[PDB]
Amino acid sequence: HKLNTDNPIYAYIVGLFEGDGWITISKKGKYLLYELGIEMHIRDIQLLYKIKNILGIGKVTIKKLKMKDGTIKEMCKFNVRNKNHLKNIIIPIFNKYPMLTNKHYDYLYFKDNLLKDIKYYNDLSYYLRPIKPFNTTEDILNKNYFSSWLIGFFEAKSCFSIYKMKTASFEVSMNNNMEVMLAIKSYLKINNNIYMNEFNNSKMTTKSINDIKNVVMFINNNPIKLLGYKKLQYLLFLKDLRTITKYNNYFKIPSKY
């Protein structure tokens, strides 16, 4: 039979791969390599096995990076290279819950070529990701799987931090995709968000007490959950937030997640 895709966690997966993964076609001599992949830190290796498990396809590997200094850094990776697996599992998932940013174009190209069985590099047309945003902030807000996509995006690109009395902030690393950032600001009713640019490291942040409450309650009330390290950071964040007077009193920081 075919892949049933009415399950929201597949939207969470798209969010995760849109944030930190990739779906490309590359030149392997006179042949082509099609690959859906994602690389994360060792702290998220279990998350990659979870992905492998949910998708039923793929391979989890560990890569050793030879640093300049002579040391070795580690990363873990999940990828799918089997053409039939891509056509039967991945295509249907992304068709059902397409990516939100311009990265979506990478998908259409990947898909068009894959389904046409292009295998020699010389039969492959030229491609450069468009600079125009595929969707407007309102097209995003009209998508009924936004909140699910968002947990996967947060899993990959959000950050919870408590710093020195004390203050709490929620940030989302952006890679010039304001339409998505505005959809998030709106959907979550975040008011005191300040944008930044630290070494072209553009991000969106907020520390106000109500904004934090809104973020915590959206994350907490969503049936779609953080699965890897990001979940631990979140739970540690709450653990801390409970000790900060102005926050723990302003609302009921939940104890179950």
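A residue's number is simply how far along the shown sequence it sits, counting from 1.
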When you step from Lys132 to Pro133 in this entry, do you jump over none, 1 to 3, 4 to 9, or 10 or more residues of the deposited sequence that have no coordinates? none
Hey, which bit's got the bigger mean C-alpha B factor in the entry, 133-141 or 107-115? 133-141
Higher of the two mean Cα B-factors (182-190, 149-157; per PDB record) comes from 182-190
From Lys52, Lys68, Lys63, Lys231, residue of greatest CA B-factor: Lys68
Selection from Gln46, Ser26, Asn221, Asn201 [criterion: highest C-alpha temperature factor in the record]: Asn201
Lowest, middle or highest third of the chain for the C-alpha temperature factor of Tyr163? highest
With respect to C-alpha B-factor, does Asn82 fall in the lowest, middle or highest third of the chain as deposited? middle
Sorting by Cα B-factor within the chain, modelled residues only, which third would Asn95 end up in: lowest, middle or highest? lowest
How does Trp22 rank on Cα B-factor within its chain, lowest, middle or highest third? lowest
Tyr10: CA B-factor among chain residues, third -> lowest
